[PDB]
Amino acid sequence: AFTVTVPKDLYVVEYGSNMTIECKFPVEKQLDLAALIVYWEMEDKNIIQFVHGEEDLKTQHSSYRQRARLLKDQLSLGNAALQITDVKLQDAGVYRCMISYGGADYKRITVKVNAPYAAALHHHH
(Lines of atoms letter the chains of each structure in order from A and count residues from 1; the text may use other names and numbers.)
(Lines give C-alpha, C1' and ligand atoms only; values in the text may rest on other atoms or scores of the structure.)
Protein backbone atom coordinates (compact mmCIF):
# COMPACT_ATOMS: atom_id res chain seq x y z
CA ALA A 1 0.00 0.00 0.00
CA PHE A 2 1.03 3.66 0.06
CA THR A 3 3.62 3.93 2.85
CA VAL A 4 5.71 6.74 4.24
CA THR A 5 9.15 5.59 5.39
CA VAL A 6 11.77 7.34 7.56
CA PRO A 7 15.36 6.06 7.22
CA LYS A 8 16.00 7.15 10.84
CA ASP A 9 13.36 7.21 13.55
CA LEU A 10 15.74 8.90 16.04
CA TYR A 11 18.00 11.94 15.72
CA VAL A 12 20.47 13.12 18.34
CA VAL A 13 21.45 16.73 17.61
CA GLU A 14 23.62 19.29 19.44
CA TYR A 15 22.19 22.58 20.69
CA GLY A 16 22.73 25.36 18.17
CA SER A 17 23.23 23.18 15.09
CA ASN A 18 21.12 22.60 11.99
CA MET A 19 19.23 19.37 11.45
CA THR A 20 17.50 17.78 8.49
CA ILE A 21 14.86 15.14 9.18
CA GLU A 22 14.27 12.82 6.28
CA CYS A 23 10.94 11.43 5.21
CA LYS A 24 10.25 9.37 2.15
CA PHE A 25 7.29 8.50 0.00
CA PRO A 26 6.83 6.77 -3.37
CA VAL A 27 6.83 8.86 -6.56
CA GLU A 28 5.59 6.77 -9.47
CA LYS A 29 6.31 8.75 -12.63
CA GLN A 30 6.53 12.60 -12.50
CA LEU A 31 5.38 14.39 -9.36
CA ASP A 32 1.90 15.92 -9.18
CA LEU A 33 2.11 18.96 -6.92
CA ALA A 34 -1.62 19.60 -7.04
CA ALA A 35 -2.14 16.29 -5.21
CA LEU A 36 0.77 16.50 -2.76
CA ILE A 37 0.11 17.49 0.82
CA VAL A 38 2.86 17.47 3.44
CA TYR A 39 2.35 18.29 7.11
CA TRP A 40 5.29 18.43 9.49
CA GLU A 41 4.34 18.77 13.14
CA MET A 42 5.85 18.14 16.57
CA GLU A 43 3.51 17.14 19.41
CA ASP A 44 0.54 19.10 18.00
CA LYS A 45 2.60 22.16 16.97
CA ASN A 46 2.43 22.69 13.23
CA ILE A 47 5.88 23.21 11.71
CA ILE A 48 5.18 23.17 7.98
CA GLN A 49 2.22 22.69 5.66
CA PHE A 50 2.91 22.07 1.97
CA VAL A 51 -0.16 22.46 -0.28
CA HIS A 52 -0.45 23.13 -4.00
CA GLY A 53 3.24 23.24 -4.57
CA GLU A 54 3.91 25.85 -1.89
CA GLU A 55 4.93 26.22 1.72
CA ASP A 56 2.13 27.46 3.95
CA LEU A 57 2.99 28.80 7.38
CA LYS A 58 -0.25 30.69 8.30
CA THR A 59 -0.72 28.09 11.04
CA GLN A 60 2.93 27.39 11.85
CA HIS A 61 3.53 27.35 15.60
CA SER A 62 5.53 30.28 16.93
CA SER A 63 8.46 28.22 18.30
CA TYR A 64 9.52 27.50 14.71
CA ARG A 65 9.21 31.03 13.31
CA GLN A 66 11.91 31.58 10.66
CA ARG A 67 13.71 28.33 11.57
CA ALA A 68 11.84 25.67 9.53
CA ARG A 69 11.82 24.98 5.81
CA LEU A 70 10.86 22.06 3.59
CA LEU A 71 13.49 21.28 0.95
CA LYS A 72 11.33 21.81 -2.13
CA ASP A 73 13.89 20.42 -4.61
CA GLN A 74 13.82 16.86 -3.26
CA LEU A 75 10.02 16.47 -3.31
CA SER A 76 10.17 15.38 -6.95
CA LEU A 77 12.42 12.59 -5.68
CA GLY A 78 10.01 11.52 -2.93
CA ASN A 79 12.03 13.17 -0.13
CA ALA A 80 10.07 15.44 2.22
CA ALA A 81 13.07 16.56 4.25
CA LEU A 82 12.47 19.09 7.02
CA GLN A 83 15.35 21.42 7.86
CA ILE A 84 15.44 23.15 11.27
CA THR A 85 18.17 25.77 11.77
CA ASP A 86 19.88 26.46 15.13
CA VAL A 87 18.16 23.73 17.13
CA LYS A 88 16.94 24.56 20.64
CA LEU A 89 16.08 22.45 23.67
CA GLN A 90 12.40 23.17 22.98
CA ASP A 91 12.86 21.30 19.69
CA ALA A 92 13.32 17.97 21.44
CA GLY A 93 10.31 15.65 21.16
CA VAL A 94 8.24 13.54 18.73
CA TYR A 95 7.74 14.82 15.16
CA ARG A 96 5.23 13.49 12.68
CA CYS A 97 5.74 13.53 8.90
CA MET A 98 2.25 13.28 7.32
CA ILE A 99 2.02 12.82 3.56
CA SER A 100 -0.96 12.58 1.23
CA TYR A 101 -0.21 11.62 -2.37
CA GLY A 102 -2.72 9.25 -3.97
CA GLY A 103 -2.92 7.61 -0.60
CA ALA A 104 -1.98 8.85 2.82
CA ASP A 105 0.31 7.83 5.68
CA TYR A 106 2.48 9.29 8.41
CA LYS A 107 5.50 8.34 10.50
CA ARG A 108 6.94 9.46 13.83
CA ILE A 109 10.51 10.58 14.51
CA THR A 110 12.09 11.26 17.90
CA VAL A 111 14.57 14.13 18.21
CA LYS A 112 16.87 14.36 21.24
CA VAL A 113 18.91 17.55 21.89
CA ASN A 114 22.19 17.51 23.85
CA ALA A 115 23.19 20.84 25.30
CA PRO A 116 25.97 22.24 27.48
CA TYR A 117 25.14 23.21 31.04
CA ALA A 118 24.77 26.93 30.34
CA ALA A 119 22.09 26.49 27.68
CA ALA A 120 20.27 23.88 29.76
CA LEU A 121 20.30 26.19 32.78
CA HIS A 122 18.91 29.08 30.76
CA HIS A 123 16.11 26.81 29.54
CA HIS A 124 15.44 25.49 33.06
CA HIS A 125 14.60 29.06 34.21
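One-based numbering along the sequence shown.
Student: Averaging C-alpha B-factors over each stretch, which comes out higher, 83 to 91 or 50 to 58?
Tutor: Comparing 83 to 91 with 50 to 58, the higher average CA B-factor belongs to 50 to 58.
Student: Read off the CA B-factors in the entry, average them over 109 to 117 and over 5 to 13, and name the higher stretch.
Tutor: Comparing 109 to 117 with 5 to 13, the higher average CA B-factor belongs to 5 to 13.
Student: Sorting the chain's CA B-factors, does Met98 end up in the lowest, middle or highest third?
Tutor: Tercile = lowest for this residue's CA B-factor.
Student: Once the chain's modelled residues are ordered by C-alpha B factor and cut into thirds, is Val38 in the lowest, middle or highest one?
Tutor: It belongs to the lowest third of the chain when residues are ordered by C-alpha B-factor.
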